[PDB]
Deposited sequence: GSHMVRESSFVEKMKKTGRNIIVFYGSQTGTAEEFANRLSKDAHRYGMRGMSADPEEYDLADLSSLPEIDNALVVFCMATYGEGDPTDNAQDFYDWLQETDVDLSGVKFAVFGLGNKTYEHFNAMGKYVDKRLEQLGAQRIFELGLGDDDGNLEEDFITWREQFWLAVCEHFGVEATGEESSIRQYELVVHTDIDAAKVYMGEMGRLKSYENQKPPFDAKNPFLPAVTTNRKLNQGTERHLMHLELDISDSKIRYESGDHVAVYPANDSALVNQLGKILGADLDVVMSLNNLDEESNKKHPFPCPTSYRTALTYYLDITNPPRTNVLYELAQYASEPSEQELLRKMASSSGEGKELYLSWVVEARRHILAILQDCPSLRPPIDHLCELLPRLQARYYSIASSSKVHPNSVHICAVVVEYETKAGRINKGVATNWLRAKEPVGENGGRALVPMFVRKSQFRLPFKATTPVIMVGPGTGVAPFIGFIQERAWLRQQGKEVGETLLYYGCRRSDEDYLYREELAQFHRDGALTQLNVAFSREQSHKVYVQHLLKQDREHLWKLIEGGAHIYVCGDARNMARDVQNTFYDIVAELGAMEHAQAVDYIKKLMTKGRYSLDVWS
């Protein structure tokens, strides 16, 4: 099916494709799509996977055609899975795109190696093919505030649109509510993703759309201290046909705090147990419902919607119309402004204060919107990825997780709890008579991998939870040694605050070093002396040996905090290569960056 014909038969001149893995780019495209209306135009948003972009050459057949791309970048500057077909096409095609008018807004994070590689490539590639750029590439940075980057871009975009096409700003619910009163409890979604009763009746293959319900066999606290809670879980995937390797990620679909959900109901004065359905008013769309329907409000707010994350500007704007108090409405209304005091208050009152929806309704009492509209505005609750801490060579039937619970106090005087980590923390291991706890998950393949050759040495840097994939790495290297194969050096550079507060897998690691599996265990305690001692410090001290391994062909792996750690560790490695390779700093940078392309300097960082 040609998206161009689709556009002709539905009267649309604007099409916004989205490359998204966790919904953000998708939401951004939907917002741009709805925006067309204010300019006498008609837009639609679309998943490029459900189409064939070769059809872009046929875009000129629509008067005033305009295509916009909202694209997120993932692993190693690669495209999202739903944009992979698009990517591959752009790399092999040489079609003349003269007459095609486009604009690209890339979603990225500058703490990653290839910043907005996807957006940059699409934008650069369409021009090469002859397309005409209607407005500059947008560089959204989720390390700063993607939302602000977006509204800033959006504003300038439409102005360019008005200018080039000669249109003007002439100066709405997407769904409609249907309360299912006579429904059979059996036809109601209870939190499953995908087909109805998929949880109750499990059948492979399990993926993001059909998550497996494993049994939590273990859930134990890893840290000795008590300042934080670091836990180690083991999920039994027996009978799932699911495969994985150390380095892969497990994604989980969490549930919101029952208490938080109950408070939202109460403050909105709404029976959360009412079953209902929200139907897309756009008869032509694929997205019939914002989430599985019919379903009760409670279920929606617990399994399908994001109620903890600080709301984006469009959500605060719509809500404004439900605040009777004058000063309270003024406050919410301005929060959507491009800049000025409106932008300042947003960043301050919403973002920095980290106010979730309930905190907003509490700190703006006059706000009393209907629960069904909110359900339409809120983002879908996303799964959380964790680096499997087990090797499929040793635990083929189990998936291990190592995580730190997220809990902190806000400026707003409240106590925020991380969705997936507090949820995971409360999962009770299977009991002699226990109750299977539901931990909806699926595996996500990655490029993070042990060397093809067991003889190849490995340098692993993972402070804090970043130690996660390495537990599996060391598990496998031991297994290999037990298999009688020759195994090169296996060094781990771990780090934490204090040896009595949060040293993870202390016993397991020490035993591995005694068995000979873990060649070297080097740990940096950042808080046992006035000055901070980090992993990069230990790396420098060992500059001599590391350079030898590096020059010999060893593989480097960095996992954990991307914001600072990754940056410091890479800088030290530049240092090591420059000083001992005798080359210039900029040559060392070239050098290290080339190891990445050879797959010998792998990264698994997050924030």
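Colleague: According to the record, which stretches of the deposited sequence lack C-alpha coordinates?
Modeller: Coordinates drop out over 1-7, 179-182.
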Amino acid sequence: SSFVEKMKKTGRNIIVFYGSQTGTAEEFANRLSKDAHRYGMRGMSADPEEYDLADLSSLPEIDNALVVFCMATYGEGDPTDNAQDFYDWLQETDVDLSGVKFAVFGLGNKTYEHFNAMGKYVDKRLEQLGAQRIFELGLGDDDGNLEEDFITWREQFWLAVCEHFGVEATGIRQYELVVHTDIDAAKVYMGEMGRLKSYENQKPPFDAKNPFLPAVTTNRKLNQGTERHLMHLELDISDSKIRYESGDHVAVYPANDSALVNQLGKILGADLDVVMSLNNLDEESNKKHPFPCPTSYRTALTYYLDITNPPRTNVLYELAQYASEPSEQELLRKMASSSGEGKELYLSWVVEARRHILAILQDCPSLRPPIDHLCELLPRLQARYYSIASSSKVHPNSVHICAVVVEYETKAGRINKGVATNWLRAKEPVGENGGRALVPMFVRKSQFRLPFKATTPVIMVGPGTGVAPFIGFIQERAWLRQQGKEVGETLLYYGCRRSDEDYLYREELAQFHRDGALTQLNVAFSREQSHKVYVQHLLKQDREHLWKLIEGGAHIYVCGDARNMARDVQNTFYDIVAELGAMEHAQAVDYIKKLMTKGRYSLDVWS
From here on, numbers count along this sequence of modelled residues.
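Colleague: Comparing average C-alpha B factors as deposited, tell me which of 361-369 and 82-90 sits higher.
Modeller: Per the deposited B-factors, the answer is 361-369.
Colleague: For the higher mean C-alpha B factor in the entry, choose 317-325 or 513-521.
Modeller: Result of the comparison: 317-325.
Colleague: Quiz for you: based on the deposited Cα B-factor, which of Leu137, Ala437, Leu233, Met441 is highest?
Modeller: Reading the PDB entry, the winner on C-alpha B-factor is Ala437.
Colleague: Would you mind finding, among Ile307, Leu159, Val188, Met71, the residue with the largest C-alpha temperature factor in the entry?
Modeller: Reading the PDB entry, the winner on C-alpha B-factor is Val188.
Colleague: Going by what the PDB entry lists, where does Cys375 fall on CA B-factor within its chain: lowest, middle or highest third?
Modeller: Its C-alpha B-factor belongs to the highest third of this chain's values.
Colleague: Can you tell me whether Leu538 has a C-alpha B-factor in the lowest, middle or highest third compared with the other modelled residues of the same chain?
Modeller: CA B-factor rank for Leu538: lowest third.
Colleague: Could you say whether, by C-alpha temperature factor, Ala554 belongs to the lowest, middle or highest third of its chain?
Modeller: Lowest third, going by the recorded CA B-factors of the chain.
Colleague: Just say lowest, middle or highest third for the CA B-factor of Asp184 relative to the other modelled residues in its chain.
Modeller: For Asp184, the deposited C-alpha B-factor lands in the highest third.
Colleague: What third of its chain's C-alpha B-factors does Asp248 belong to: lowest, middle or highest?
Modeller: Lowest third - that is where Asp248 ends up once the chain's C-alpha B-factors are sorted.
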